[PDB]
>>> print(open('coords-v4.txt').read())   # compact mmCIF, C-alpha atoms and all ligand atoms
# COMPACT_ATOMS: atom_id res chain seq x y z
CA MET Z 1 0.00 0.00 0.00
CA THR Z 2 0.96 3.69 -0.14
CA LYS Z 3 2.07 3.40 3.50
CA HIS Z 4 4.77 0.94 2.45
CA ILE Z 5 6.14 3.09 -0.37
CA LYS Z 6 9.64 4.13 0.70
CA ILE Z 7 10.20 7.85 0.13
CA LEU Z 8 13.41 9.73 0.93
CA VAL Z 9 13.16 13.48 1.49
CA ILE Z 10 16.48 15.34 1.34
CA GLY Z 11 16.79 18.68 3.13
CA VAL Z 12 15.38 20.15 6.33
CA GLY Z 13 14.44 23.62 5.10
CA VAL Z 14 10.97 24.76 4.05
CA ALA Z 15 10.05 22.53 1.11
CA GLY Z 16 11.43 19.31 2.58
CA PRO Z 17 9.52 19.33 5.88
CA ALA Z 18 6.48 20.81 4.12
CA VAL Z 19 6.24 18.02 1.54
CA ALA Z 20 6.99 15.45 4.25
CA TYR Z 21 4.04 16.80 6.24
CA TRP Z 22 1.61 16.52 3.32
CA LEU Z 23 2.93 13.13 2.22
CA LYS Z 24 2.38 11.83 5.75
CA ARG Z 25 -1.09 13.41 5.87
CA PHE Z 26 -1.99 11.81 2.53
CA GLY Z 27 -1.11 8.34 3.81
CA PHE Z 28 2.56 7.99 2.83
CA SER Z 29 5.60 7.28 5.01
CA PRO Z 30 8.47 9.66 4.15
CA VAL Z 31 11.83 9.97 5.91
CA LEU Z 32 13.99 13.09 6.21
CA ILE Z 33 17.76 13.55 6.11
CA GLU Z 34 19.83 16.69 6.67
CA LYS Z 35 23.46 17.54 5.97
CA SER Z 36 23.61 20.15 8.74
CA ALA Z 37 23.91 19.06 12.37
CA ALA Z 38 20.76 21.00 13.28
CA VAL Z 39 18.27 23.65 12.15
CA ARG Z 40 20.19 26.93 11.93
CA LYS Z 41 18.51 29.58 14.08
CA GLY Z 42 17.22 32.88 12.71
CA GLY Z 43 18.57 33.84 9.30
CA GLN Z 44 16.89 35.42 6.29
CA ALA Z 45 13.33 36.70 6.67
CA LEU Z 46 10.78 34.78 4.60
CA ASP Z 47 7.45 35.99 3.24
CA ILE Z 48 4.36 33.82 3.50
CA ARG Z 49 2.03 35.48 1.01
CA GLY Z 50 -0.73 34.52 -1.40
CA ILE Z 51 -1.58 30.83 -1.56
CA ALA Z 52 1.00 29.91 1.07
CA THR Z 53 -1.16 31.41 3.83
CA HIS Z 54 -4.06 29.10 2.99
CA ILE Z 55 -1.74 26.10 2.93
CA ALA Z 56 -0.09 27.18 6.18
CA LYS Z 57 -3.52 27.36 7.81
CA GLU Z 58 -4.45 23.87 6.59
CA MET Z 59 -1.17 22.62 8.05
CA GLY Z 60 -2.32 24.05 11.38
CA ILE Z 61 0.83 26.12 11.87
CA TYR Z 62 -0.41 29.58 10.87
CA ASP Z 63 -1.01 30.86 14.42
CA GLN Z 64 2.43 29.57 15.45
CA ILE Z 65 4.00 31.42 12.52
CA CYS Z 66 2.18 34.62 13.48
CA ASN Z 67 3.45 34.26 17.06
CA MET Z 68 7.01 34.26 15.69
CA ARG Z 69 6.45 36.88 12.98
CA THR Z 70 8.87 39.74 12.37
CA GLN Z 71 7.86 42.92 14.18
CA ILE Z 72 9.16 45.85 12.13
CA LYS Z 73 6.77 48.71 12.93
CA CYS Z 74 8.26 51.27 10.58
CA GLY Z 75 10.19 51.22 7.30
CA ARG Z 76 11.80 54.35 5.86
CA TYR Z 77 13.23 55.33 2.49
CA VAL Z 78 16.06 57.78 3.21
CA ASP Z 79 18.54 59.80 1.16
CA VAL Z 80 22.30 59.75 1.76
CA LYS Z 81 21.87 62.70 4.14
CA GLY Z 82 19.47 60.78 6.39
CA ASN Z 83 16.32 62.67 5.39
CA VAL Z 84 13.15 60.58 5.25
CA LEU Z 85 11.75 60.42 1.72
CA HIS Z 86 8.93 57.94 2.35
CA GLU Z 87 7.72 56.05 5.42
CA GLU Z 88 5.38 53.06 5.67
CA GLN Z 89 4.10 50.68 8.32
CA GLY Z 90 6.06 47.44 8.58
CA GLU Z 91 3.81 45.07 6.66
CA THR Z 92 3.09 47.57 3.89
CA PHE Z 93 6.82 48.29 3.72
CA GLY Z 94 7.48 44.60 3.11
CA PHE Z 95 4.81 44.57 0.40
CA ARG Z 96 2.49 42.45 2.54
CA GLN Z 97 -1.18 42.82 3.42
CA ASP Z 98 -4.22 40.95 4.74
CA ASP Z 99 -3.22 37.65 6.41
CA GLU Z 100 0.26 37.62 4.88
CA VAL Z 101 3.18 37.41 7.32
CA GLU Z 102 6.98 37.47 7.50
CA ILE Z 103 9.13 35.14 9.60
CA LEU Z 104 12.83 34.28 9.93
CA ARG Z 105 13.77 31.02 8.19
CA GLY Z 106 15.03 29.25 11.32
CA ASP Z 107 11.85 30.06 13.21
CA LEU Z 108 9.69 28.67 10.39
CA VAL Z 109 11.71 25.46 10.00
CA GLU Z 110 11.43 24.85 13.74
CA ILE Z 111 7.65 25.19 13.51
CA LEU Z 112 7.59 22.92 10.45
CA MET Z 113 9.65 20.26 12.22
CA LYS Z 114 7.34 20.34 15.24
CA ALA Z 115 4.42 19.71 12.88
CA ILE Z 116 6.13 16.49 11.73
CA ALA Z 117 7.46 15.18 15.06
CA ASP Z 118 6.24 11.72 14.03
CA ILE Z 119 8.30 11.61 10.82
CA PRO Z 120 11.81 10.10 11.15
CA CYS Z 121 14.62 12.61 10.57
CA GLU Z 122 18.40 12.17 10.49
CA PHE Z 123 20.73 15.17 10.83
CA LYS Z 124 24.40 15.30 9.83
CA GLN Z 125 23.65 12.91 6.96
CA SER Z 126 24.51 13.31 3.27
CA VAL Z 127 24.06 11.46 -0.02
CA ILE Z 128 27.26 11.14 -2.05
CA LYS Z 129 25.85 9.09 -4.93
CA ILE Z 130 22.48 8.33 -6.53
CA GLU Z 131 21.65 5.61 -9.03
CA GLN Z 132 18.19 4.52 -10.17
CA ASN Z 133 16.54 2.00 -12.45
CA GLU Z 134 12.94 1.06 -13.27
CA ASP Z 135 12.37 -0.56 -9.87
CA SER Z 136 14.32 1.52 -7.35
CA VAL Z 137 16.59 4.42 -6.42
CA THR Z 138 19.89 3.33 -4.85
CA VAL Z 139 21.22 5.93 -2.41
CA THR Z 140 24.81 5.91 -1.15
CA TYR Z 141 25.43 7.87 2.05
CA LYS Z 142 28.63 9.63 3.15
CA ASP Z 143 29.97 6.60 5.03
CA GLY Z 144 29.47 4.33 2.02
CA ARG Z 145 26.30 2.76 3.42
CA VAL Z 146 23.59 1.97 0.85
CA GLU Z 147 19.79 2.12 0.98
CA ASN Z 148 17.08 1.62 -1.64
CA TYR Z 149 14.00 3.82 -2.01
CA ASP Z 150 10.91 3.87 -4.20
CA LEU Z 151 11.09 7.65 -4.50
CA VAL Z 152 13.54 10.45 -3.70
CA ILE Z 153 12.39 14.06 -3.29
CA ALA Z 154 15.27 16.52 -3.02
CA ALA Z 155 14.78 19.84 -1.24
CA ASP Z 156 18.46 20.65 -0.74
CA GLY Z 157 18.44 24.34 -1.68
CA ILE Z 158 19.38 26.47 -4.68
CA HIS Z 159 22.85 24.92 -4.87
CA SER Z 160 21.28 21.46 -5.03
CA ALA Z 161 23.81 18.63 -5.05
CA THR Z 162 21.01 16.29 -6.14
CA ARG Z 163 20.24 18.44 -9.19
CA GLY Z 164 23.88 18.23 -10.25
CA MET Z 165 23.92 14.49 -9.59
CA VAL Z 166 20.74 13.64 -11.50
CA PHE Z 167 20.36 16.25 -14.25
CA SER Z 168 22.66 17.31 -17.09
CA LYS Z 169 23.50 20.93 -17.90
CA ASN Z 170 21.07 20.79 -20.83
CA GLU Z 171 18.23 20.01 -18.42
CA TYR Z 172 18.48 23.15 -16.29
CA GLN Z 173 19.66 26.77 -16.42
CA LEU Z 174 21.22 28.99 -13.78
CA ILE Z 175 19.69 32.34 -14.71
CA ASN Z 176 21.79 35.27 -13.48
CA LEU Z 177 19.79 38.43 -12.75
CA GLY Z 178 22.97 40.50 -13.03
CA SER Z 179 23.21 41.49 -9.37
CA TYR Z 180 24.68 40.49 -6.01
CA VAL Z 181 23.16 40.34 -2.53
CA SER Z 182 24.95 40.44 0.82
CA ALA Z 183 23.95 40.49 4.48
CA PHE Z 184 25.44 40.34 7.96
CA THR Z 185 24.57 41.14 11.57
CA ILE Z 186 26.27 43.93 13.52
CA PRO Z 187 25.81 45.78 16.82
CA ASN Z 188 22.75 48.03 16.78
CA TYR Z 189 24.94 51.13 17.01
CA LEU Z 190 22.19 53.46 15.77
CA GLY Z 191 19.83 52.04 18.39
CA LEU Z 192 17.12 51.24 15.86
CA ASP Z 193 13.85 50.11 17.44
CA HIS Z 194 11.79 47.74 15.28
CA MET Z 195 12.67 49.91 12.30
CA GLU Z 196 14.24 49.46 8.87
CA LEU Z 197 16.07 52.09 6.84
CA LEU Z 198 16.63 51.87 3.09
CA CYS Z 199 19.02 54.01 1.07
CA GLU Z 200 19.58 53.57 -2.67
CA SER Z 201 21.43 54.88 -5.71
CA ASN Z 202 21.14 54.17 -9.44
CA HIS Z 203 22.59 50.65 -9.23
CA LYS Z 204 22.98 50.05 -5.49
CA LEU Z 205 20.81 49.60 -2.41
CA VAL Z 206 21.60 49.36 1.32
CA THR Z 207 19.29 48.38 4.17
CA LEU Z 208 19.71 48.46 7.94
CA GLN Z 209 17.22 47.22 10.53
CA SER Z 210 16.75 46.01 14.09
CA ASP Z 211 13.83 43.86 15.24
CA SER Z 212 13.76 40.91 17.69
CA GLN Z 213 17.28 41.48 19.05
CA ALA Z 214 17.40 45.03 20.39
CA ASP Z 215 21.22 45.23 20.48
CA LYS Z 216 21.70 43.71 17.01
CA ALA Z 217 21.18 45.13 13.54
CA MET Z 218 20.90 43.34 10.19
CA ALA Z 219 22.72 45.01 7.31
CA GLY Z 220 21.74 44.35 3.70
CA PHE Z 221 23.38 45.14 0.36
CA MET Z 222 22.13 44.79 -3.21
CA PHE Z 223 23.80 45.99 -6.39
CA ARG Z 224 23.94 45.37 -10.13
CA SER Z 225 27.32 44.38 -11.53
CA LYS Z 226 28.58 42.47 -14.57
CA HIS Z 227 31.74 41.78 -12.56
CA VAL Z 228 32.63 38.13 -11.95
CA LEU Z 229 34.74 37.03 -8.99
CA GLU Z 230 37.78 34.82 -9.55
CA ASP Z 231 36.19 32.65 -6.87
CA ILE Z 232 32.57 33.49 -6.09
CA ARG Z 233 32.80 31.37 -2.92
CA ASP Z 234 35.93 33.09 -1.56
CA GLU Z 235 34.58 34.98 1.46
CA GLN Z 236 37.60 37.29 1.63
CA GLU Z 237 37.22 38.23 -2.04
CA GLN Z 238 33.50 38.78 -1.43
CA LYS Z 239 34.17 41.28 1.36
CA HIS Z 240 36.86 43.15 -0.58
CA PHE Z 241 34.53 43.34 -3.58
CA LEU Z 242 31.62 44.52 -1.44
CA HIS Z 243 33.74 47.15 0.30
CA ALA Z 244 35.17 48.36 -3.02
CA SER Z 245 31.72 48.39 -4.63
CA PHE Z 246 30.25 50.66 -1.94
CA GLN Z 247 33.29 52.78 -1.07
CA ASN Z 248 31.57 55.91 -2.43
CA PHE Z 249 27.94 55.17 -1.51
CA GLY Z 250 27.89 57.45 1.53
CA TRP Z 251 25.19 57.38 4.22
CA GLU Z 252 25.83 54.62 6.81
CA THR Z 253 27.88 52.30 4.59
CA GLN Z 254 31.19 53.30 6.19
CA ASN Z 255 29.80 52.64 9.67
CA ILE Z 256 28.29 49.34 8.54
CA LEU Z 257 31.39 48.16 6.67
CA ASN Z 258 33.66 49.09 9.59
CA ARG Z 259 31.75 46.50 11.63
CA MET Z 260 31.66 43.85 8.88
CA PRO Z 261 34.87 42.06 9.96
CA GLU Z 262 33.39 41.20 13.37
CA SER Z 263 30.08 39.90 11.96
CA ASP Z 264 29.72 36.13 12.37
CA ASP Z 265 26.87 35.40 9.92
CA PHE Z 266 28.23 36.97 6.73
CA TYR Z 267 26.38 36.05 3.54
CA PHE Z 268 27.18 36.84 -0.09
CA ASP Z 269 25.88 35.38 -3.35
CA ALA Z 270 24.81 36.21 -6.88
CA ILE Z 271 21.08 36.66 -7.40
CA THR Z 272 20.09 33.57 -9.39
CA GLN Z 273 17.03 31.63 -10.59
CA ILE Z 274 16.68 27.92 -11.39
CA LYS Z 275 14.85 27.13 -14.63
CA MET Z 276 14.03 23.51 -15.50
CA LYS Z 277 11.76 22.16 -18.23
CA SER Z 278 11.28 19.21 -15.87
CA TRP Z 279 11.88 19.09 -12.11
CA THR Z 280 11.81 15.29 -12.18
CA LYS Z 281 13.69 12.38 -13.74
CA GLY Z 282 12.50 8.81 -13.23
CA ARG Z 283 11.81 8.22 -9.54
CA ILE Z 284 13.53 11.45 -8.46
CA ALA Z 285 11.93 14.88 -8.02
CA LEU Z 286 13.35 18.29 -7.15
CA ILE Z 287 11.34 20.72 -5.06
CA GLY Z 288 11.79 24.19 -3.56
CA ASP Z 289 14.81 26.30 -4.50
CA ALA Z 290 16.56 23.18 -5.82
CA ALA Z 291 13.92 23.06 -8.55
CA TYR Z 292 12.69 26.62 -9.05
CA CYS Z 293 14.35 29.26 -6.86
CA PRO Z 294 12.79 32.62 -7.82
CA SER Z 295 15.62 34.53 -6.09
CA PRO Z 296 15.23 36.94 -3.12
CA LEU Z 297 14.23 39.74 -5.52
CA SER Z 298 10.88 37.97 -5.97
CA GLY Z 299 9.84 37.42 -2.36
CA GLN Z 300 8.08 34.29 -3.61
CA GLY Z 301 10.57 31.60 -2.59
CA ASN Z 302 8.54 30.50 0.42
CA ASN Z 303 5.30 30.65 -1.56
CA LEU Z 304 6.70 28.38 -4.27
CA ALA Z 305 7.99 25.91 -1.67
CA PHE Z 306 4.63 25.52 0.09
CA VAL Z 307 2.64 25.24 -3.15
CA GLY Z 308 5.11 22.76 -4.62
CA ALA Z 309 4.99 20.60 -1.49
CA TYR Z 310 1.19 20.57 -1.54
CA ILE Z 311 0.87 19.74 -5.23
CA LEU Z 312 3.59 17.08 -5.42
CA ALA Z 313 2.21 15.34 -2.32
CA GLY Z 314 -1.33 15.71 -3.63
CA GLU Z 315 -0.66 14.35 -7.11
CA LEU Z 316 1.07 11.34 -5.55
CA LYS Z 317 -2.07 10.76 -3.48
CA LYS Z 318 -4.46 10.86 -6.44
CA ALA Z 319 -2.04 8.67 -8.40
CA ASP Z 320 -1.99 6.15 -5.53
CA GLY Z 321 1.80 6.37 -5.44
CA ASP Z 322 2.28 6.11 -9.20
CA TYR Z 323 5.17 8.55 -9.55
CA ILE Z 324 5.20 8.61 -13.36
CA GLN Z 325 1.68 10.07 -13.42
CA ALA Z 326 2.24 12.26 -10.35
CA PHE Z 327 5.54 13.78 -11.51
CA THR Z 328 4.01 14.69 -14.87
CA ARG Z 329 1.08 16.38 -13.12
CA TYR Z 330 3.55 18.02 -10.75
CA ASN Z 331 5.41 19.60 -13.68
CA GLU Z 332 2.35 20.63 -15.70
CA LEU Z 333 0.20 22.19 -12.97
CA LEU Z 334 2.96 24.20 -11.29
CA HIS Z 335 5.23 25.50 -14.07
CA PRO Z 336 3.03 28.46 -15.13
CA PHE Z 337 2.73 29.63 -11.51
CA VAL Z 338 6.48 29.24 -10.99
CA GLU Z 339 7.27 31.04 -14.24
CA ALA Z 340 4.90 33.85 -13.24
CA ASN Z 341 6.64 34.40 -9.91
CA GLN Z 342 10.10 34.08 -11.44
CA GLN Z 343 9.28 36.68 -14.09
CA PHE Z 344 8.16 39.00 -11.30
CA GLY Z 345 11.58 38.45 -9.75
CA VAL Z 346 13.19 39.24 -13.10
CA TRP Z 347 11.10 42.39 -13.36
CA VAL Z 348 12.24 43.59 -9.93
CA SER Z 349 15.90 43.04 -10.85
CA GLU Z 350 15.50 45.18 -13.97
CA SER Z 351 13.23 48.01 -12.81
CA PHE Z 352 13.35 48.45 -9.02
CA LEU Z 353 16.44 50.65 -9.10
CA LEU Z 354 16.27 53.89 -11.10
CA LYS Z 355 19.03 53.73 -13.70
CA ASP Z 356 18.99 57.43 -14.65
CA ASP Z 357 17.00 59.30 -11.99
CA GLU Z 358 17.41 59.90 -8.26
CA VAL Z 359 14.67 58.70 -5.92
CA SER Z 360 12.02 60.86 -4.26
CA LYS Z 361 8.87 60.45 -2.18
CA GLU Z 362 6.58 60.28 -5.20
CA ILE Z 363 8.74 57.62 -6.87
CA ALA Z 364 9.24 55.50 -3.75
CA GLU Z 365 5.55 55.75 -2.90
CA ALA Z 366 4.38 54.95 -6.44
CA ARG Z 367 6.89 52.10 -6.77
CA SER Z 368 5.88 50.66 -3.40
CA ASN Z 369 2.15 50.75 -4.14
CA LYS Z 370 2.80 49.19 -7.55
CA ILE Z 371 4.89 46.36 -6.12
CA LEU Z 372 2.26 45.71 -3.44
CA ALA Z 373 -0.42 45.44 -6.13
CA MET Z 374 1.64 43.34 -8.53
CA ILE Z 375 3.00 40.98 -5.88
CA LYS Z 376 -0.54 40.33 -4.67
CA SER Z 377 -1.55 39.49 -8.24
CA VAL Z 378 1.24 37.03 -9.02
CA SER Z 379 1.29 35.34 -5.60
CA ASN Z 380 -2.35 34.32 -6.06
CA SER Z 381 -2.12 33.50 -9.77
CA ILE Z 382 -2.95 29.81 -9.33
CA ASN Z 383 -6.18 27.95 -8.63
CA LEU Z 384 -5.00 25.45 -6.03
CA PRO Z 385 -6.28 21.87 -6.36
CA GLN Z 386 -8.25 20.32 -3.49
CA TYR Z 387 -6.80 16.88 -2.81
CA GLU Z 388 -9.15 16.29 0.12
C1 LIG Z 401 19.24 36.89 1.31
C2 LIG Z 401 17.98 36.12 1.00
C3 LIG Z 401 16.75 36.73 1.18
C4 LIG Z 401 15.58 36.03 0.90
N1 LIG Z 401 14.40 36.66 1.09
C5 LIG Z 401 13.24 36.05 0.84
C6 LIG Z 401 11.93 36.72 1.04
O1 LIG Z 401 11.88 37.89 1.46
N2 LIG Z 401 10.81 36.04 0.77
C7 LIG Z 401 10.85 34.77 0.32
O2 LIG Z 401 9.77 34.19 0.08
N3 LIG Z 401 12.00 34.09 0.11
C8 LIG Z 401 13.20 34.66 0.34
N4 LIG Z 401 14.40 33.95 0.12
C9 LIG Z 401 14.29 32.57 -0.39
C10 LIG Z 401 13.88 31.57 0.69
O3 LIG Z 401 14.82 31.62 1.77
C11 LIG Z 401 13.87 30.16 0.13
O4 LIG Z 401 13.28 30.17 -1.17
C12 LIG Z 401 13.10 29.18 1.02
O5 LIG Z 401 13.80 29.01 2.25
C13 LIG Z 401 12.92 27.84 0.32
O6 LIG Z 401 13.46 26.81 1.14
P1 LIG Z 401 13.91 25.40 0.52
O7 LIG Z 401 13.60 24.32 1.53
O8 LIG Z 401 13.43 25.27 -0.90
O9 LIG Z 401 15.50 25.59 0.44
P2 LIG Z 401 16.41 25.90 1.73
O10 LIG Z 401 15.56 26.51 2.82
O11 LIG Z 401 17.64 26.63 1.26
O12 LIG Z 401 16.78 24.40 2.17
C14 LIG Z 401 18.12 23.93 2.19
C15 LIG Z 401 18.26 22.89 3.30
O13 LIG Z 401 18.76 21.68 2.74
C16 LIG Z 401 19.93 21.26 3.43
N5 LIG Z 401 20.91 20.73 2.44
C17 LIG Z 401 21.62 21.43 1.54
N6 LIG Z 401 22.41 20.60 0.80
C18 LIG Z 401 22.20 19.35 1.23
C19 LIG Z 401 22.71 18.00 0.89
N7 LIG Z 401 23.62 17.82 -0.09
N8 LIG Z 401 22.22 16.95 1.60
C20 LIG Z 401 21.31 17.10 2.58
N9 LIG Z 401 20.81 18.30 2.93
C21 LIG Z 401 21.21 19.43 2.32
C22 LIG Z 401 20.45 22.46 4.21
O14 LIG Z 401 21.03 22.11 5.47
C23 LIG Z 401 19.22 23.32 4.41
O15 LIG Z 401 18.65 23.07 5.70
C24 LIG Z 401 15.63 34.62 0.39
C25 LIG Z 401 16.87 34.02 0.21
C26 LIG Z 401 18.04 34.72 0.49
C27 LIG Z 401 19.36 34.02 0.28
>>> encode(input="coords-v4.txt", output="structure tokens", more="lines below")
Ligand SMILES: Cc1cc2nc3c(=O)[nH]c(=O)nc-3n(C[C@H](O)[C@H](O)[C@H](O)COP(=O)(O)OP(=O)(O)OC[C@H]3O[C@@H](n4cnc5c(N)ncnc54)[C@H](O)[C@@H]3O)c2cc1C
Amino acid sequence: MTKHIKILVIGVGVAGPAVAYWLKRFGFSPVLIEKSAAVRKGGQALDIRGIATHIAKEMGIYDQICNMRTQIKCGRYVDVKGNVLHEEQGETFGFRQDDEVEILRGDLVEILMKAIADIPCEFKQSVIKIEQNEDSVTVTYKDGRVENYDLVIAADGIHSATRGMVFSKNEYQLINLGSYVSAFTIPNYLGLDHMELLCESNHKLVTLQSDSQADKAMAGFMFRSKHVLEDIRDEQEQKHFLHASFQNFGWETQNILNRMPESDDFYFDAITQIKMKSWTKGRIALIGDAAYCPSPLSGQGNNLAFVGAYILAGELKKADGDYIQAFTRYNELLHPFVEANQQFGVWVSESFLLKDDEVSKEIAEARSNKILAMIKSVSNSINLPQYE
């Protein structure tokens, strides 16, 4: 029976635990593995907007998410001289409304994992090889141990090892949106109180906020650049490049960058999207960022993870475990919605910053209202199936 179908879920993030939840609810018996030793606390703030709120509520975790929601009360667009150009309430500032909510990744994963306390999960575990045939998927773990599964669903992030193991370069694209993003935590030296500041130029943007940790502040950087690092993963090159890229930005960048060396959670990466004609091959399926990362410029990453988890789990249910039918339905039903949200991400990367003009209240206000309207449109641009 479906209960006895062996399903491996790789990755304890959003999509992995989410699909595990729905698989378990729909009468399957998934297992989780995780390369990290444990769920990393805090981290990047994630939006739950559009369809994802409905799914979150059905999962019975919505109130828990709200209890752990970010609490920015005020967001401000400021010029390099510190003057306020445009101010908005926190949710509106984050282009959210209605029942939509923002939460730090670590807080959400913790809630997700509590919702699946029954499902087996193994941390500090990694797959080093995958081979499949018509009957089974043979998984080789780090220590050389082998296990066979009926299905493997990989939710191991944008830099998916599984994607590289299973798919060829002709079967997926790494779409570069021509910009870099960086972030790190520093002492709240300005003494911000549940407030975010945002300064921008023609090709660059800098944010600074404090929220749940009163004596800490999260710095953010975004900028367009055709420059390519000799080693994009070299953290020292990343910092030199970031410092050099913003050396004439003004405002608080000097004060932020002076504190960058002592920050312990430094992050830097190109803004990228994953585009695949098919997220599946045989008995293996990709989900979440591994399959269709819309990049942070979209604000849809979480939304796509939840919807994907629901649909893939659902189609497997209706197919009574028949993965060939389910994976086809998974690809067909979800691609337009994914492509819609990715294109919104592409649009943001091309048009958010003003290439020729300086920003003002009217621009920031008009741009904000437009993004709020457009994001609401795309995030709800799917008629979700009802598998129950
Ligand atoms: C700076 C930044 C800002 C963002 N802002 C937003 C936003 O405002 N709104 C929004 O909706 N989205 C945002 N995102 C995107 C969002 O974080 C992700 O889309 C979302 O977390 C999807 O989660 P996932 O489970 O698909 O992937 P992840 O959450 O990345 O899952 C990866 C997990 O898999 C594990 N893993 C990795 N490799 C392996 C392996 N080989 N074997 C086993 N396990 C492995 C890792 O330990 C990790 O726990 C942002 C991302 C970044 C980087």
>>> closest_residue(input="coords-v4.txt", among="Z:297, Z:359, Z:8, Z:232", to="ligand LIG 401 (chain Z)", atoms="only C-alpha atoms and all ligand atoms")
Z:297
>>> closest_residue(input="coords-v4.txt", among="Z:264, Z:98, Z:252, Z:269", to="ligand LIG 401 (chain Z)", atoms="all atoms listed in the file")
Z:269
>>> residues_near_ligand(input="coords-v4.txt", ligand="ligand LIG 401 (chain Z)", cutoff="8 Å", atoms="all atoms listed in the file", output="PyMOL selection string")
chain Z and resi 10-17+33-36+38-40+44-49+102+105+125-128+155-162+181-183+267+269+287-291+293-305
>>> closest_residue(input="coords-v4.txt", among="Z:210, Z:360, Z:64, Z:133", to="residue 108 of chain Z", atoms="all atoms listed in the file")
Z:64
>>> closest_residue(input="coords-v4.txt", among="Z:222, Z:316, Z:85, Z:186", to="residue 256 of chain Z", atoms="only C-alpha atoms")
Z:186
>>> closest_residue(input="coords-v4.txt", among="Z:212, Z:83, Z:53, Z:386", to="residue 317 of chain Z", atoms="all atoms listed in the file")
Z:386
>>> atom_distance(input="coords-v4.txt", atom1="atom CA of residue 163 of chain Z", atom2="atom CA of residue 332 of chain Z")
19.2 Å
>>> atom_distance(input="coords-v4.txt", atom1="atom CA of residue 192 of chain Z", atom2="atom CA of residue 270 of chain Z")
28.3 Å
>>> residues_around(input="coords-v4.txt", residues="residue 200 of chain Z", least_positions_apart="3", cutoff="12 Å", atoms="all atoms listed in the file", output="ChimeraX atom specification")
/Z:76-82,85,197,203-208,220-224,246,249-253,352-355,357-360,364
>>> closest_residue(input="coords-v4.txt", among="Z:244, Z:284, Z:201, Z:215", to="residue 139 of chain Z", atoms="all atoms listed in the file")
Z:284
